[PDB]
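Structure file work_24.tsv (TSV, C-alpha atoms) follows.
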```
chain	number	residue	atom	x	y	z
S	1	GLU	CA	209.82	94.24	95.01
S	2	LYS	CA	207.95	94.78	91.76
S	3	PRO	CA	207.36	98.25	90.37
S	4	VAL	CA	203.75	99.40	90.69
S	5	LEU	CA	201.74	100.39	87.66
S	6	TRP	CA	199.06	102.81	88.85
S	7	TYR	CA	195.86	102.92	86.82
S	8	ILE	CA	194.48	106.39	87.49
S	9	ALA	CA	190.83	106.30	86.56
S	10	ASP	CA	187.27	107.04	87.56
S	11	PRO	CA	184.36	104.56	86.99
S	12	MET	CA	182.28	107.49	85.58
S	13	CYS	CA	184.88	108.49	83.01
S	14	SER	CA	183.77	107.20	79.56
S	15	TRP	CA	187.25	106.86	78.04
S	16	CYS	CA	188.15	104.79	81.12
S	17	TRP	CA	185.33	102.42	80.08
S	18	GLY	CA	186.73	102.56	76.50
S	19	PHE	CA	190.10	101.56	77.97
S	20	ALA	CA	188.79	98.72	80.20
S	21	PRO	CA	189.75	96.00	77.63
S	22	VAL	CA	193.25	97.53	77.26
S	23	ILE	CA	194.05	97.62	80.98
S	24	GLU	CA	192.61	94.05	81.31
S	25	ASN	CA	195.12	92.86	78.66
S	26	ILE	CA	197.97	94.77	80.32
S	27	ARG	CA	197.11	93.12	83.69
S	28	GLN	CA	196.93	89.76	82.03
S	29	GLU	CA	200.29	90.18	80.24
S	30	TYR	CA	202.45	92.17	82.67
S	31	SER	CA	201.40	91.02	86.17
S	32	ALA	CA	204.54	88.93	86.66
S	33	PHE	CA	206.61	92.11	86.22
S	34	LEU	CA	204.43	95.01	87.45
S	35	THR	CA	201.90	95.18	90.29
S	36	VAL	CA	198.88	96.82	88.67
S	37	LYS	CA	196.76	98.88	91.09
S	38	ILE	CA	193.93	101.46	90.82
S	39	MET	CA	194.19	105.01	92.17
S	40	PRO	CA	190.66	106.44	91.72
S	41	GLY	CA	190.85	110.06	90.39
S	42	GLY	CA	182.49	115.39	93.68
S	43	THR	CA	179.22	117.35	93.12
S	44	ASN	CA	175.60	117.99	94.21
S	45	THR	CA	174.04	120.12	91.47
S	46	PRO	CA	172.10	118.78	88.46
S	47	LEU	CA	173.98	118.15	85.23
S	48	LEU	CA	173.53	121.10	82.81
S	49	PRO	CA	172.25	120.43	79.22
S	50	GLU	CA	175.43	121.66	77.44
S	51	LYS	CA	177.61	119.57	79.72
S	52	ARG	CA	175.34	116.54	79.24
S	53	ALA	CA	175.67	116.88	75.43
S	54	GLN	CA	179.48	117.03	75.74
S	55	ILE	CA	179.47	113.86	77.82
S	56	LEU	CA	177.19	112.02	75.40
S	57	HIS	CA	179.47	112.98	72.48
S	58	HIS	CA	182.31	111.34	74.46
S	59	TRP	CA	180.17	108.18	74.90
S	60	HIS	CA	179.48	107.98	71.17
S	61	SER	CA	183.24	108.48	70.45
S	62	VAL	CA	184.17	105.75	72.93
S	63	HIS	CA	181.54	103.39	71.53
S	64	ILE	CA	182.53	103.71	67.88
S	65	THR	CA	186.29	103.72	68.62
S	66	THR	CA	186.40	100.82	71.08
S	67	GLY	CA	183.13	98.96	70.74
S	68	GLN	CA	182.43	99.29	74.51
S	69	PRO	CA	178.64	99.34	75.07
S	70	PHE	CA	176.48	102.30	76.22
S	71	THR	CA	172.70	102.58	76.62
S	72	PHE	CA	171.90	105.86	74.96
S	73	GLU	CA	168.11	105.67	75.28
S	74	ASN	CA	167.12	107.93	78.21
S	75	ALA	CA	170.81	108.40	79.17
S	76	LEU	CA	171.59	110.94	81.90
S	77	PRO	CA	167.98	112.08	82.62
S	78	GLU	CA	167.47	115.65	83.80
S	79	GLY	CA	167.93	115.88	87.55
S	80	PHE	CA	170.78	113.40	87.44
S	81	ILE	CA	173.65	114.47	89.70
S	82	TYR	CA	177.08	113.54	88.34
S	83	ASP	CA	178.78	112.74	91.71
S	84	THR	CA	181.85	110.59	91.05
S	85	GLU	CA	183.10	110.34	94.66
S	86	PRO	CA	181.00	107.45	96.05
S	87	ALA	CA	181.95	105.07	93.21
S	88	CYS	CA	185.63	105.98	93.71
S	89	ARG	CA	185.19	105.30	97.44
S	90	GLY	CA	183.59	101.91	96.64
S	91	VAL	CA	186.68	100.92	94.70
S	92	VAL	CA	188.97	102.11	97.59
S	93	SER	CA	186.80	100.06	99.98
S	94	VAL	CA	187.21	96.84	97.97
S	95	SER	CA	190.98	97.47	97.88
S	96	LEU	CA	190.92	97.25	101.74
S	97	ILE	CA	188.72	94.14	101.73
S	98	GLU	CA	189.95	92.00	98.80
S	99	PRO	CA	192.65	93.63	96.58
S	100	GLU	CA	192.18	90.87	93.95
S	101	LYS	CA	188.60	92.13	93.38
S	102	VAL	CA	189.46	95.80	92.74
S	103	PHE	CA	189.60	95.69	88.90
S	104	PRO	CA	186.47	93.48	88.59
S	105	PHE	CA	184.56	95.85	90.96
S	106	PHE	CA	185.63	98.98	89.02
S	107	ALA	CA	184.47	97.30	85.75
S	108	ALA	CA	181.20	96.17	87.40
S	109	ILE	CA	180.45	99.83	88.33
S	110	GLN	CA	181.20	101.04	84.79
S	111	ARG	CA	178.90	98.47	83.22
S	112	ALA	CA	176.13	99.16	85.73
S	113	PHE	CA	176.37	102.85	84.94
S	114	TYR	CA	176.95	102.98	81.15
S	115	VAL	CA	174.81	99.97	80.22
S	116	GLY	CA	172.60	99.38	83.24
S	117	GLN	CA	171.86	103.12	83.69
S	118	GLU	CA	172.17	102.52	87.40
S	119	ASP	CA	172.89	105.34	89.82
S	120	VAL	CA	176.33	104.16	90.88
S	121	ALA	CA	176.60	107.18	93.19
S	122	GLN	CA	174.27	105.24	95.57
S	123	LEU	CA	175.33	102.76	98.28
S	124	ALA	CA	172.32	100.55	97.43
S	125	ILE	CA	173.74	100.11	93.94
S	126	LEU	CA	177.38	99.71	95.02
S	127	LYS	CA	176.74	97.04	97.70
S	128	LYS	CA	174.78	94.95	95.22
S	129	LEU	CA	177.79	94.96	92.85
S	130	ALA	CA	180.13	93.92	95.69
S	131	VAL	CA	177.75	91.01	96.55
S	132	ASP	CA	177.90	89.84	92.90
S	133	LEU	CA	181.70	89.57	93.34
S	134	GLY	CA	181.51	87.55	96.57
S	135	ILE	CA	181.97	90.46	98.98
S	136	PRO	CA	179.22	90.31	101.67
S	137	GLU	CA	177.33	93.53	102.46
S	138	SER	CA	178.34	93.05	106.09
S	139	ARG	CA	182.00	93.57	105.03
S	140	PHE	CA	181.48	96.19	102.29
S	141	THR	CA	179.04	98.63	103.91
S	142	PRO	CA	180.95	99.40	107.18
S	143	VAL	CA	184.13	99.99	105.11
S	144	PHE	CA	182.32	102.21	102.54
S	145	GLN	CA	180.84	104.37	105.31
S	146	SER	CA	184.08	104.63	107.34
S	147	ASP	CA	186.12	107.83	107.76
S	148	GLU	CA	189.09	105.72	106.69
S	149	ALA	CA	187.60	104.93	103.25
S	150	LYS	CA	186.58	108.60	102.91
S	151	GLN	CA	190.01	109.93	103.82
S	152	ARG	CA	191.89	107.39	101.70
S	153	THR	CA	189.69	108.28	98.71
S	154	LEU	CA	190.30	112.01	99.17
S	155	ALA	CA	194.03	111.41	99.72
S	156	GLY	CA	194.07	109.54	96.34
S	157	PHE	CA	192.41	112.52	94.61
S	158	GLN	CA	194.96	114.86	96.19
S	159	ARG	CA	197.90	112.67	95.13
S	160	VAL	CA	196.59	112.59	91.54
S	161	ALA	CA	196.49	116.39	91.61
S	162	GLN	CA	199.98	116.52	93.16
S	163	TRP	CA	201.31	114.29	90.38
S	164	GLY	CA	199.98	116.79	87.81
S	165	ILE	CA	197.72	114.29	86.00
S	166	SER	CA	195.84	116.21	83.27
S	167	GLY	CA	194.08	113.46	81.33
S	168	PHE	CA	192.32	110.21	82.24
S	169	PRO	CA	192.70	107.28	82.12
S	170	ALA	CA	196.37	107.70	83.10
S	171	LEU	CA	199.10	105.19	83.81
S	172	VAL	CA	202.06	105.85	86.08
S	173	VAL	CA	204.89	103.54	87.08
S	174	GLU	CA	206.16	104.04	90.61
S	175	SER	CA	209.44	102.37	91.36
S	176	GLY	CA	211.10	103.12	94.70
S	177	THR	CA	211.36	106.90	94.97
S	178	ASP	CA	210.63	107.47	91.25
S	179	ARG	CA	207.48	107.96	89.21
S	180	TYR	CA	207.18	107.73	85.45
S	181	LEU	CA	204.21	108.89	83.43
S	182	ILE	CA	203.31	106.22	80.84
S	183	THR	CA	200.11	107.68	79.25
S	184	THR	CA	197.55	110.37	80.09
S	185	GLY	CA	194.54	109.37	78.00
S	186	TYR	CA	193.12	106.40	76.10
S	187	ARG	CA	195.63	104.76	73.73
S	188	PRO	CA	195.42	101.36	71.96
S	189	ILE	CA	197.07	98.24	73.44
S	190	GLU	CA	199.86	98.33	70.79
S	191	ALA	CA	201.04	101.79	71.89
S	192	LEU	CA	200.99	100.84	75.58
S	193	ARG	CA	202.86	97.59	74.96
S	194	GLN	CA	205.62	99.72	73.38
S	195	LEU	CA	205.68	102.17	76.31
S	196	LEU	CA	205.67	99.47	79.00
S	197	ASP	CA	208.20	97.33	77.14
S	198	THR	CA	210.63	100.29	76.90
S	199	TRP	CA	210.12	101.23	80.56
S	200	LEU	CA	210.93	97.64	81.67
S	201	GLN	CA	213.94	97.46	79.27
S	202	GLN	CA	215.34	100.79	80.56
S	203	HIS	CA	214.44	100.07	84.18
S	204	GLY	CA	215.76	96.67	85.12
```
What do you get writing this file as structure tokens?
Amino acid sequence: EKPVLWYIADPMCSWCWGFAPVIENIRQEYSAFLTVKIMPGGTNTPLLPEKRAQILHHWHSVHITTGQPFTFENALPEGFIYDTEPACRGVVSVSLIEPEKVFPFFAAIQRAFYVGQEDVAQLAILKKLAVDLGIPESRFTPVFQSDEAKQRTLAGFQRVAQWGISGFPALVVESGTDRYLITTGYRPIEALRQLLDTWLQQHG
């Protein structure tokens, strides 16, 4: 039984998009030794101007630090509601349908949002992304709408809170009864190689 490396992230977190190439490399390099899984971790009021400016500063920081693309022209128009729950639930849904497609689906949402400017809070948008990855709408939509996907998603958020996670993206190794915090924020691949390497050396 391999230890599990939990990627604790939200598709509408900009530093998570900055970190997408890093977690891709980690998955590519460590998947013989760690099972890498996503634990996604809600609103209905318009985004306020001050808050929008903070978010856009984060996007600029991510872009210049990591090179990950953003479409800044007409970004986050007024009236936009920053509801992160449905996209998290879409990811949970794909985990129940085809676990191998979880990381590609998460990335597809991030690109559709940051570059495509698509409202990834909407089912119409999410089901299209699942179709692009070979998941039929007839499998995705019932799962997305189910109480099960809703409750699993919320249970994920609650577990993230219970684990005391204060920054995102975060990485946690869970081995048997034990959990180990690896990182709680974006860091370069070199730093995370060190951290993972030491964890595996000390644990095993």
Which residues of region 75-162 of chain S come within 12 Å of region 12-21 of chain S, and for each one, what is the closest pair of atoms and their distance in Å to one decimal, counting only C-alpha atoms, sorted by chain and residue number, as CSV?
```
residue,atom,partner,partner_atom,distance
S:76,CA,S:12,CA,11.8
S:81,CA,S:12,CA,11.8
S:82,CA,S:12,CA,8.4
S:83,CA,S:12,CA,8.8
S:84,CA,S:12,CA,6.3
S:85,CA,S:12,CA,9.6
S:86,CA,S:12,CA,10.5
S:87,CA,S:12,CA,8.0
S:88,CA,S:12,CA,8.9
S:103,CA,S:20,CA,9.2
S:104,CA,S:20,CA,10.2
S:105,CA,S:20,CA,11.9
S:106,CA,S:20,CA,9.4
S:107,CA,S:20,CA,7.2
S:108,CA,S:17,CA,10.5
S:109,CA,S:12,CA,8.3
S:110,CA,S:17,CA,6.4
S:111,CA,S:17,CA,8.2
S:112,CA,S:12,CA,10.4
S:113,CA,S:12,CA,7.5
S:114,CA,S:14,CA,8.2
S:115,CA,S:17,CA,10.8
S:117,CA,S:12,CA,11.5
S:118,CA,S:12,CA,11.4
S:119,CA,S:12,CA,10.5
S:120,CA,S:12,CA,8.6
S:121,CA,S:12,CA,9.5
```
Inset, instruction - Determine, counting all atoms listed in the file, every residue of protein, DNA or RNA that lies within 9 Å of (197.7, 97.0, 93.3) in the file coordinates, then give the result as a ChimeraX atom specification. - result: /S:4-7,35-39,95,99-100,102
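As for CA of residue 203 (chain S) and CA of residue 23 (chain S), they are spaced 20.8 Å apart.
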Inset, instruction - Select, from S:154, S:60, S:34, S:97, the residue with the minimum atom-to-atom distance to residue 138 (chain S), counting all atoms listed in the file. - result: S:97
Who sits within 8 Å of residue 156 (chain S), all atoms listed in the file, same chain under 2 positions skipped, as a PDB file with C-alpha atoms, in the coordinates of the input:
```pdb
ATOM      1  CA  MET S  39     194.190 105.010  92.170  1.00  0.00           C
ATOM      2  CA  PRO S  40     190.660 106.440  91.720  1.00  0.00           C
ATOM      3  CA  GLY S  41     190.850 110.060  90.390  1.00  0.00           C
ATOM      4  CA  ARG S 152     191.890 107.390 101.700  1.00  0.00           C
ATOM      5  CA  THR S 153     189.690 108.280  98.710  1.00  0.00           C
ATOM      6  CA  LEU S 154     190.300 112.010  99.170  1.00  0.00           C
ATOM      7  CA  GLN S 158     194.960 114.860  96.190  1.00  0.00           C
ATOM      8  CA  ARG S 159     197.900 112.670  95.130  1.00  0.00           C
ATOM      9  CA  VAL S 160     196.590 112.590  91.540  1.00  0.00           C
TER      10      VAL S 160
END
```
Legend entry - Pick from S:147, S:33, S:94, S:199 nearest to residue 134 (chain S), counting only C-alpha atoms: S:94
Inset, instruction - Report the distance between CA of residue 42 (chain S) and CA of residue 149 (chain S) in Å, rounded to one decimal place. - result: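 Atom-to-atom, CA of residue 42 (chain S) to CA of residue 149 (chain S), that is 15.1 Å.
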